[PDB]
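Trainee: Pasting a structure below so you can have a look.
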Amino acid sequence: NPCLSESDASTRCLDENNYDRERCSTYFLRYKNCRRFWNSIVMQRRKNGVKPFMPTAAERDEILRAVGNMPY
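According to PDB author numbering, the stretch in the sequence shown is residues 14 to 85, in order.
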């Protein structure tokens, strides 16, 4: 599952500067951290095997509240 916050801001960076995808590598790193976090939540829901595992908007909200910071 993608991280559209780091997707838009990395595209804005790369557009500003020479398509310098390696000098904005930190955004793609925070995107892989975001992928790993939400894949962790998917696996922590999949232990019961019964709901849609990819968290819905109010789950993403209450879970971000329960981290108390950005997982990115």
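Every residue, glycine too, gets a C-beta built ideally from N, C-alpha and C.
Is it right to say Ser23 is buried, meaning 16 or more other beta carbons lie within 10 angstroms of its own, or is it exposed?
Mentor: Looking at its Cβ environment, which holds 16 or more other Cβ atoms inside 10 Å, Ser23 is buried.
Trainee: Assuming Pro68 and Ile54 are in contact, meaning their beta carbons sit under 8 Å apart, how far apart are those beta carbons, in whole angstroms?
Mentor: The Cβ separation is near 6 Å, so the contact holds.
Trainee: Check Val63 in the structure and name its three-state DSSP category.
Mentor: If DSSP states are grouped into helix, strand and coil, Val63 belongs with coil.
Trainee: Excluding five sequence neighbours on each side, which residues of the same chain lie with their C-beta closer than 8 Å to the C-beta of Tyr44?
Mentor: So the qualifying residues of the chain are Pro15, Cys16, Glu19, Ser20, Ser23, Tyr85.
Trainee: Output the boundary residues of the alpha helix (DSSP H) element that contains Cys26.
Mentor: Start and end: 17 to 29.
Trainee: With a 10 Å radius around its C-beta and 16 neighbouring C-beta atoms as the bar for buried, classify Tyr40 as buried or exposed.
Mentor: Classification of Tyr40: buried, given that the 10 Å Cβ count is 16 or more.
Trainee: Pull up the distance between the alpha-carbon of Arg58 and that of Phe50, whole angstroms please.
Mentor: Roughly 13 Å between the two C-alpha positions.
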